[PDB]
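**Q** Below you'll find the structure I mean.
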Amino acid sequence: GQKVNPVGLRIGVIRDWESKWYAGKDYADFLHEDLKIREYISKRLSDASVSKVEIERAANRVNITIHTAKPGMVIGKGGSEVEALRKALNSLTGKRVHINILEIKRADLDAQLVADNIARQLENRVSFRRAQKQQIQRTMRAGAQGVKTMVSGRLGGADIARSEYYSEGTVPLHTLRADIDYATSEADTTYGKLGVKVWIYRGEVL
RNA sequence: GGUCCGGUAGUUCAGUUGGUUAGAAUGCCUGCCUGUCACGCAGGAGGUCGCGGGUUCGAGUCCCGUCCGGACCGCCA
RNA sequence: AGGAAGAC
RNA sequence: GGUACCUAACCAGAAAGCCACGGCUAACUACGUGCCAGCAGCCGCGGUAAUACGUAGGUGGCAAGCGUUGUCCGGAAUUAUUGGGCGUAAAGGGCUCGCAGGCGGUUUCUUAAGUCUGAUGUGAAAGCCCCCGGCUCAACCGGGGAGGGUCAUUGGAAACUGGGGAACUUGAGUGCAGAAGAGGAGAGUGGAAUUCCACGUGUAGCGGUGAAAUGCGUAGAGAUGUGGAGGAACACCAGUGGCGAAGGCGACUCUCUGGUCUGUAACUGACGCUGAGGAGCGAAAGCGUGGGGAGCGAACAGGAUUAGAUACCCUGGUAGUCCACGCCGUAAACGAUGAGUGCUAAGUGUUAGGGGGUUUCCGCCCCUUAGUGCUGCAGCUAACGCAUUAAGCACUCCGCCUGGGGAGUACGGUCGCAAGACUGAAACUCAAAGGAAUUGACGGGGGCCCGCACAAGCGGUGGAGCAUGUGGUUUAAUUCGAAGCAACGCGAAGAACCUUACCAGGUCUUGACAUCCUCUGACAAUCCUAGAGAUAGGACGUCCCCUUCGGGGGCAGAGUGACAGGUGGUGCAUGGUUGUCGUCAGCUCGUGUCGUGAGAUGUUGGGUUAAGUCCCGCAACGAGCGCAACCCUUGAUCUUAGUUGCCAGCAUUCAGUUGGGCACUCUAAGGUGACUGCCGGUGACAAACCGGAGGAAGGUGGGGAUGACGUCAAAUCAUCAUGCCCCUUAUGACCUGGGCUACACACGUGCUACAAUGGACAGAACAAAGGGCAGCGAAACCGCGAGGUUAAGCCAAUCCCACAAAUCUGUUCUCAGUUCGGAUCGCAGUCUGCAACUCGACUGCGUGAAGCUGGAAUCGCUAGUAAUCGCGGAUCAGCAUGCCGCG
């Protein structure tokens, strides 16, 4: 009884996939293994706040590129992450891996980082309203064309669970050539479990 | 204490008169309508006649003994 | 100026 | 009384509690309890996360005290002179005449009762206050002043209120000249209708309501033309017009009579206003006595309607309504606005006058009163609203209110023939009852508009058999969840055993599931005893890599505690998803105006659209989510791209397979294209609507995807997750068998039919979209059959599923429980699987059931749509009537 997920509605027609390959008659166990890579990358790089990973097959070699938007607390001495990730990933999948990193300039317009920012202030236990206003101000001072933010759950009141919305600019969810970046994040506090949905209208596609 | 009428579906009354084959409402059950109940509308139901004897076209309609009701009389010094 | 219709 | 004080000699040691901590009201956190125990001065708190209950800690107020109770004053402007009100909140007497009472126009003299101001005597002393002194200020004790007086005598002032004398005319009356009136009481007269009676004509119905019926009528009704009787009320004139103090007063004439208004200036000269008690009127209904009684008509009766209907509706109909004489004395007796007087912008009608400008002509204008309206400033109000006919600004007098019930009640009085009228408590109980406005919802309220909503049709549902779900019921369990639309072929896109959670049986304690401590450093499989499960022991039977000989690379096992697991409860502890209203067209914000405020405006109004879609006025101007477009697919063509298609144009063969070539269908990239693009008529020329043309389609071409703010505490703890509960020598685990599929019943959804718009048999057909390597499986052979055999081809525009049926031509049946229909039942099989009894599908037989198109009601359907006919696909070893998709 809600809107259909906009990234899942945009993929295939305007949005290119995050995976660019084919597997025949071994499709199932490649999906199982590369989701094991994606959960392991998420679990060990949640501190480094990856926006997205994207993979490809190189005829029994796999190429991984990871979008993290900062080298600073991520690359270490420069080779530490690539040795500690490439040997570990070789140990897990048993196949030849290659890894590369990419950065996002104007780094406050990426939705997964925005929802992780909101979630991080929720375990930081600053007030949710201050989190919404500060993130709205951060996204407009970075510059954008529209932001809609939602946080639902038990927001400090024990006996009621209600959502809060905060928006600015235009976010049409029904124009197809619109390039909404959408993100859902999950926050665990002593009050309970809180859901964040942020979706950003960055630009236009002709 | 005598006299006269009745004892029928869960309830109230026809069939007691018309010796053959047991009926009408109400109530009960199922379905329909309405969000639900009530109304309302479609179908469905048991009774052998207070208890025992007899006899015939054939005993529920005939009579007797008992029980339960209703009515009348139970007077004269 | 052209039907009676209850209750939660 | 050796008491306070003065000198001293030693000890921080003997000496602090009460209340509160949600808001008022300064001061908060955890644990128990979980509509129980309890708190509470009011709001109210507690039905598993209690800042409101009890603890524990801490804080806050006060302090030798601190709280509760009781009483009084405040805040209470909440009995209001200071200091309230009465249109709608509680509150204007029903209205008049007036006694006592309360107020009084101007001027001029006069007294000093009221008024103001000195003098004297008094209002004792302690008390309050002002200024000083003493006990170690202090509490207190003193010394000197201020008064708590409408106080008594007396002096002074005369403005105002009073007492007196004399003027004045505006307030108020009288006269004189005019005007209007449904003002009242009595007597009389008139016409139209209704009823009743008599007669003439006249046939068969009249009346009545949403249909109806009771009633009246062949003993002559109703209609119709006459003539009498009697009662009531006076059509049009008739007017938000007139008159009256109020109630009220409408036919006309007469007798008597009450007022009102205009003008004058001839008079009297403050005669005035209000009015407690008192007296008098006073709608309708009611009562007593005597009349009258046409119509209407409580009561009452019959007829309906309804579940009942003592009611609305129909037919009758007594008291009453009418007159005279009395009584009662009430109304939403209303302007829900007491009477009187005076000031304060205007506009416009109407009633009765007066005066002026060329008229004694018609009318035209300007003053002018006294009504009677309607708009509308300042001003008032809480808004509505009032506004020279105040609810404005004042002055006098009167009446009345002080929260809602109980109550206009009980008691007690005065009236009354009576019913009742006037006056009118309390005990007790609640924390609200209200007034006016705003936002929604709703209406058997209105106005436009839309949708298979109803209407027009087609085909079904219950009716029969069967399949699959739900409730009930029994069992060892029939695992749970869902419950009107929006649960019930739903989660399940597949239960023989695992699935499986549920039941029975026999078995486990760091367990298969994640990491630390220590070894062996590689573990297992093959056959037995029980074996069905763990287990216990046996035959080879705990068997890698780096290795400065130290040790590591986490796979396998072994013993240990921290442990892990919960498809267990809580969707009303939650995120995450979903349906619904609903593809309905709406939902809001910024800035600014209007409003005391809630709010309003934009977002309403007009014209069209499917739309809050577009445009024109507008205290609005804009913006955002929605709508429409962009996306996908189906609809024609150009270029490129021709194999694993096309065989056109050619030669070849039954396999048209081939030798050769892309123009066509075909697969598909870029496009071309349809967008209000032209004409006419409407529409103020705008936006839009209708009819026309190359066109494949004209007015979003068809369909999909797309589902706003929110509602239903809607559904899911069954993917994951703090919150509690039991375990961890067990609700957690292993397996065997059972159950989820039972069955007197009722329902939801579907399938198959009841047939000759057919059945059976025989022959010719037309070929969409998907799936295929632990597979799809062609040919051929065997088989009265599902199937079996070796098996060519295919990792797919080639090979297989793929043999499409309904369709078209022949014979039969001839209307039947049949050559329909196929369900149950026995026999014999095929396939899958360790295993088809509980509980799979399919085939050959035989058996042939109910059913002859289905009541109340009820469902879907508008340019391939319903209906039929098949075909694939998904979960899966096997199982379709379920679901998805295609023709």
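In the structure tokens, each chain is lettered A, B, ... as it comes, each chain's residues begin at 1, and ligands are numbered from 1 in order of appearance.
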Enumerate the residues of segment 162-201 of chain A with a DSSP assignment of strand (DSSP E or B), computed from the backbone, and present them as a PyMOL selection string.

**A** chain A and resi 164-169+180-189+192-201

**Q** Take the residues from that selection and write them out as an mmCIF file, in the first residue's frame, keeping C-alpha atoms.

**A**
data_model
loop_
_atom_site.group_PDB
_atom_site.id
_atom_site.type_symbol
_atom_site.label_atom_id
_atom_site.label_comp_id
_atom_site.auth_asym_id
_atom_site.auth_seq_id
_atom_site.Cartn_x
_atom_site.Cartn_y
_atom_site.Cartn_z
ATOM 1 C CA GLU A 164 8.169 11.810 10.156
ATOM 2 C CA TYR A 165 8.747 13.344 6.737
ATOM 3 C CA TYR A 166 10.894 16.289 5.749
ATOM 4 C CA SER A 167 11.308 17.491 2.196
ATOM 5 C CA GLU A 168 12.609 20.307 0.060
ATOM 6 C CA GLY A 169 12.586 20.937 -3.659
ATOM 7 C CA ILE A 180 16.236 9.358 -8.009
ATOM 8 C CA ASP A 181 18.823 7.810 -5.727
ATOM 9 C CA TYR A 182 16.947 5.882 -3.037
ATOM 10 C CA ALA A 183 18.193 4.316 0.166
ATOM 11 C CA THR A 184 16.796 2.393 3.114
ATOM 12 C CA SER A 185 18.787 2.131 6.328
ATOM 13 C CA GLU A 186 18.152 0.304 9.578
ATOM 14 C CA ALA A 187 19.000 1.717 13.009
ATOM 15 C CA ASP A 188 19.000 -0.172 16.311
ATOM 16 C CA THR A 189 18.586 1.924 19.459
ATOM 17 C CA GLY A 192 13.848 -0.120 19.370
ATOM 18 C CA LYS A 193 14.216 -0.358 15.606
ATOM 19 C CA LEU A 194 14.008 2.633 13.247
ATOM 20 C CA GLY A 195 13.687 2.750 9.468
ATOM 21 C CA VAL A 196 15.138 5.515 7.312
ATOM 22 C CA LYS A 197 14.153 6.065 3.691
ATOM 23 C CA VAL A 198 15.904 8.940 1.932
ATOM 24 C CA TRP A 199 15.460 9.631 -1.742
ATOM 25 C CA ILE A 200 17.130 12.381 -3.697
ATOM 26 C CA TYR A 201 16.339 13.958 -7.055
#

**Q** If we count only C-alpha atoms (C1' of nucleotides) and set the cut-off at 7 Å, which residues sit around residue 103 of chain A, ignoring sequence neighbours fewer than 3 positions away in its own chain? Please answer as a list in words.

**A**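 The neighbour list is residues 67, 68, 69 and 70 of chain A.
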
**Q** For the residues in that selection, give me N, CA, C and O atoms as a PDB file, in the first residue's frame.

**A**
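The resulting selection-v5.pdb:
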ATOM      1  N   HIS A  67      32.684   1.888  -4.485  1.00  0.00           N
ATOM      2  CA  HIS A  67      32.527   3.339  -4.499  1.00  0.00           C
ATOM      3  C   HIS A  67      32.439   3.831  -3.059  1.00  0.00           C
ATOM      4  O   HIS A  67      31.428   3.605  -2.386  1.00  0.00           O
ATOM      5  N   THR A  68      33.488   4.506  -2.580  1.00  0.00           N
ATOM      6  CA  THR A  68      33.544   4.874  -1.168  1.00  0.00           C
ATOM      7  C   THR A  68      33.664   6.365  -0.882  1.00  0.00           C
ATOM      8  O   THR A  68      33.501   6.756   0.282  1.00  0.00           O
ATOM      9  N   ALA A  69      34.010   7.186  -1.875  1.00  0.00           N
ATOM     10  CA  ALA A  69      34.033   8.651  -1.842  1.00  0.00           C
ATOM     11  C   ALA A  69      35.044   9.244  -0.862  1.00  0.00           C
ATOM     12  O   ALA A  69      35.022  10.460  -0.633  1.00  0.00           O
ATOM     13  N   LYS A  70      35.947   8.438  -0.291  1.00  0.00           N
ATOM     14  CA  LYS A  70      37.062   8.968   0.489  1.00  0.00           C
ATOM     15  C   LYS A  70      38.219   7.974   0.483  1.00  0.00           C
ATOM     16  O   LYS A  70      38.006   6.762   0.611  1.00  0.00           O
TER      17      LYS A  70
END

**Q** Distance cut-off 6 Å, counting only C-alpha atoms (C1' of nucleotides) - which residues of chain D neighbour chain A? Return them as a PyMOL selection string.

**A** chain D and resi 575+578+722

**Q** How far is it from atom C1' of residue 279 of chain D to atom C1' of residue 97 of chain D, in Å with one decimal?

**A** 8.1 Å

**Q** Just the residues within 12 Å of residue 11 of chain B, please, counting only C-alpha atoms (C1' of nucleotides), with nothing from its chain fewer than 2 positions along; format it as a VMD selection string.

**A** chain B and resid 9 13 25 to 28

**Q** Restricted to C-alpha atoms (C1' of nucleotides), what would the selected residues look like written as a PDB file, in the first residue's frame?

**A**
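Final output, part35.pdb:
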ATOM      1  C1'   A B   9     -47.553 -30.436  17.294  1.00  0.00           C
ATOM      2  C1'   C B  13     -57.221 -23.899  18.347  1.00  0.00           C
ATOM      3  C1'   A B  25     -51.663 -20.231  12.816  1.00  0.00           C
ATOM      4  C1'   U B  26     -47.609 -19.272  16.304  1.00  0.00           C
ATOM      5  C1'   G B  27     -42.931 -21.238  17.650  1.00  0.00           C
ATOM      6  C1'   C B  28     -38.343 -24.326  15.888  1.00  0.00           C
TER       7        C B  28
END

**Q** Give me the residues within 12 Å of residue 50 of chain B as a list in words, counting only C-alpha atoms (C1' of nucleotides) and dropping any in the same chain fewer than 4 places off.

**A**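 With the cut-off at 12 Å, the set is residues 6, 7, 8, 66, 67, 68 and 69 of chain B.
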
**Q** Could you take the residues named above and write them with C-alpha atoms (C1' of nucleotides), as a PDB file, in the first residue's frame?

**A**
ATOM      1  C1'   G B   6     -63.110 -31.169  27.552  1.00  0.00           C
ATOM      2  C1'   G B   7     -58.241 -33.714  28.035  1.00  0.00           C
ATOM      3  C1'   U B   8     -55.059 -33.229  20.450  1.00  0.00           C
ATOM      4  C1'   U B  66     -59.408 -43.669  37.394  1.00  0.00           C
ATOM      5  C1'   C B  67     -56.819 -38.799  37.109  1.00  0.00           C
ATOM      6  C1'   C B  68     -56.702 -33.560  35.725  1.00  0.00           C
ATOM      7  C1'   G B  69     -59.376 -28.992  34.695  1.00  0.00           C
TER       8        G B  69
END

**Q** Leaving out residue 8 of chain C and any residue of its chain fewer than 3 positions from it, which residues lie within 12 Å of it when counting only C-alpha atoms (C1' of nucleotides), given as a list in words?

**A**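 Near neighbours after the sequence-gap exclusion: residues 35, 36, 37 and 38 of chain B.
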
**Q** For the selection you just gave me, I'd like the residues written to a file as a PDB file, in the first residue's frame, keeping N, CA and C atoms (P, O5', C5', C4', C3', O3' and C1' of nucleotides).

**A**
ATOM      1  P     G B  35     -24.428  -3.967   3.513  1.00  0.00           P
ATOM      2  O5'   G B  35     -23.788  -4.594   4.826  1.00  0.00           O
ATOM      3  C5'   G B  35     -22.598  -5.360   4.765  1.00  0.00           C
ATOM      4  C4'   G B  35     -21.968  -5.480   6.125  1.00  0.00           C
ATOM      5  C3'   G B  35     -22.786  -6.219   7.166  1.00  0.00           C
ATOM      6  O3'   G B  35     -22.564  -7.613   7.099  1.00  0.00           O
ATOM      7  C1'   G B  35     -21.976  -4.177   8.069  1.00  0.00           C
ATOM      8  P     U B  36     -23.766  -8.648   7.318  1.00  0.00           P
ATOM      9  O5'   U B  36     -24.165  -8.458   8.846  1.00  0.00           O
ATOM     10  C5'   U B  36     -23.310  -8.922   9.876  1.00  0.00           C
ATOM     11  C4'   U B  36     -23.877  -8.633  11.242  1.00  0.00           C
ATOM     12  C3'   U B  36     -25.312  -9.064  11.481  1.00  0.00           C
ATOM     13  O3'   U B  36     -25.430 -10.442  11.777  1.00  0.00           O
ATOM     14  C1'   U B  36     -24.975  -6.882  12.334  1.00  0.00           C
ATOM     15  P     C B  37     -26.777 -11.231  11.405  1.00  0.00           P
ATOM     16  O5'   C B  37     -27.867 -10.669  12.428  1.00  0.00           O
ATOM     17  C5'   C B  37     -27.859 -11.077  13.786  1.00  0.00           C
ATOM     18  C4'   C B  37     -28.719 -10.202  14.671  1.00  0.00           C
ATOM     19  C3'   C B  37     -30.220 -10.233  14.442  1.00  0.00           C
ATOM     20  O3'   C B  37     -30.860 -11.392  14.946  1.00  0.00           O
ATOM     21  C1'   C B  37     -29.524  -8.003  14.776  1.00  0.00           C
ATOM     22  P     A B  38     -32.141 -12.000  14.182  1.00  0.00           P
ATOM     23  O5'   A B  38     -33.214 -10.820  14.182  1.00  0.00           O
ATOM     24  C5'   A B  38     -33.970 -10.516  15.345  1.00  0.00           C
ATOM     25  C4'   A B  38     -34.657  -9.175  15.238  1.00  0.00           C
ATOM     26  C3'   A B  38     -35.932  -9.141  14.420  1.00  0.00           C
ATOM     27  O3'   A B  38     -37.046  -9.599  15.162  1.00  0.00           O
ATOM     28  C1'   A B  38     -34.574  -7.269  13.883  1.00  0.00           C
TER      29        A B  38
END

**Q** Write out as a ChimeraX atom specification the set of residues from segment 120-182 of chain A that DSSP, computed on the backbone, places in alpha helix (DSSP H).

**A** /A:120-124,128-142

**Q** Keeping only N, CA, C and O atoms, write those residues as a CSV table (one decimal), in the first residue's frame.

**A**
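Generated file (result.csv):
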chain,number,residue,atom,x,y,z
A,120,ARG,N,23.6,6.8,11.6
A,120,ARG,CA,24.8,7.0,12.5
A,120,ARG,C,24.5,8.0,13.5
A,120,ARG,O,24.8,7.8,14.7
A,121,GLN,N,23.8,9.1,13.2
A,121,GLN,CA,23.3,10.0,14.2
A,121,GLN,C,22.2,9.3,15.1
A,121,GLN,O,22.2,9.7,16.3
A,122,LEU,N,21.5,8.4,14.6
A,122,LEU,CA,20.6,7.7,15.5
A,122,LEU,C,21.3,6.7,16.5
A,122,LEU,O,20.8,6.6,17.6
A,123,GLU,N,22.4,6.1,16.1
A,123,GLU,CA,23.1,5.5,17.3
A,123,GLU,C,23.9,6.5,18.1
A,123,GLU,O,24.3,6.2,19.2
A,124,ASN,N,24.2,7.7,17.5
A,124,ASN,CA,24.8,8.7,18.3
A,124,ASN,C,23.9,9.4,19.3
A,124,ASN,O,24.3,10.2,20.1
A,128,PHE,N,16.4,13.2,16.5
A,128,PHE,CA,16.1,12.9,15.1
A,128,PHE,C,15.7,14.1,14.3
A,128,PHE,O,16.1,14.2,13.1
A,129,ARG,N,15.0,15.1,14.9
A,129,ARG,CA,14.7,16.3,14.2
A,129,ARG,C,15.9,17.1,13.8
A,129,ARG,O,16.0,17.6,12.7
A,130,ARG,N,16.9,17.2,14.8
A,130,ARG,CA,18.1,17.8,14.4
A,130,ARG,C,18.9,17.1,13.3
A,130,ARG,O,19.5,17.7,12.5
A,131,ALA,N,18.8,15.7,13.3
A,131,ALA,CA,19.4,15.0,12.2
A,131,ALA,C,18.8,15.3,10.9
A,131,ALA,O,19.5,15.5,9.9
A,132,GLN,N,17.4,15.4,10.8
A,132,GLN,CA,16.7,15.7,9.6
A,132,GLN,C,17.1,17.1,9.1
A,132,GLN,O,17.5,17.3,7.9
A,133,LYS,N,17.1,18.1,10.0
A,133,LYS,CA,17.4,19.5,9.6
A,133,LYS,C,18.8,19.6,9.2
A,133,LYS,O,19.1,20.3,8.2
A,134,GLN,N,19.8,19.0,9.9
A,134,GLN,CA,21.2,19.1,9.6
A,134,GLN,C,21.5,18.4,8.2
A,134,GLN,O,22.3,18.9,7.4
A,135,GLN,N,20.8,17.3,8.0
A,135,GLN,CA,21.1,16.6,6.7
A,135,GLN,C,20.5,17.3,5.5
A,135,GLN,O,21.0,17.4,4.4
A,136,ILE,N,19.3,18.0,5.7
A,136,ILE,CA,18.7,18.8,4.7
A,136,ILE,C,19.6,20.0,4.4
A,136,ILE,O,19.8,20.3,3.2
A,137,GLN,N,20.1,20.6,5.4
A,137,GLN,CA,21.0,21.8,5.3
A,137,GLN,C,22.3,21.3,4.6
A,137,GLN,O,22.8,22.1,3.7
A,138,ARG,N,22.8,20.2,4.9
A,138,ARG,CA,24.1,19.7,4.3
A,138,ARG,C,23.9,19.3,2.9
A,138,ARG,O,24.7,19.7,2.0
A,139,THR,N,22.7,18.8,2.5
A,139,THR,CA,22.5,18.4,1.1
A,139,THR,C,22.2,19.6,0.3
A,139,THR,O,22.6,19.7,-0.9
A,140,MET,N,21.5,20.7,0.8
A,140,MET,CA,21.3,21.9,0.0
A,140,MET,C,22.6,22.7,-0.1
A,140,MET,O,22.8,23.3,-1.1
A,141,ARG,N,23.4,22.7,1.0
A,141,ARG,CA,24.7,23.4,0.9
A,141,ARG,C,25.7,22.7,0.0
A,141,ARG,O,26.6,23.3,-0.5
A,142,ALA,N,25.5,21.4,-0.2
A,142,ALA,CA,26.3,20.7,-1.2
A,142,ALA,C,25.6,21.0,-2.6
A,142,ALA,O,26.3,21.0,-3.6

**Q** What's around segment 1-5 of chain C at 10 Å? Count only C-alpha atoms (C1' of nucleotides), leave out sequence neighbours fewer than 4 positions away in its own chain, and write the answer as a ChimeraX atom specification.

**A** /B:39 /D:210-211,305-306,312,444

**Q** If we count only C-alpha atoms (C1' of nucleotides), what is near segment 19-36 of chain D at a cut-off of 12 Å, once residues fewer than 5 positions away on the same chain are taken out, given as an MDAnalysis selection string?

**A** chainID D and resid 41:63 65:68
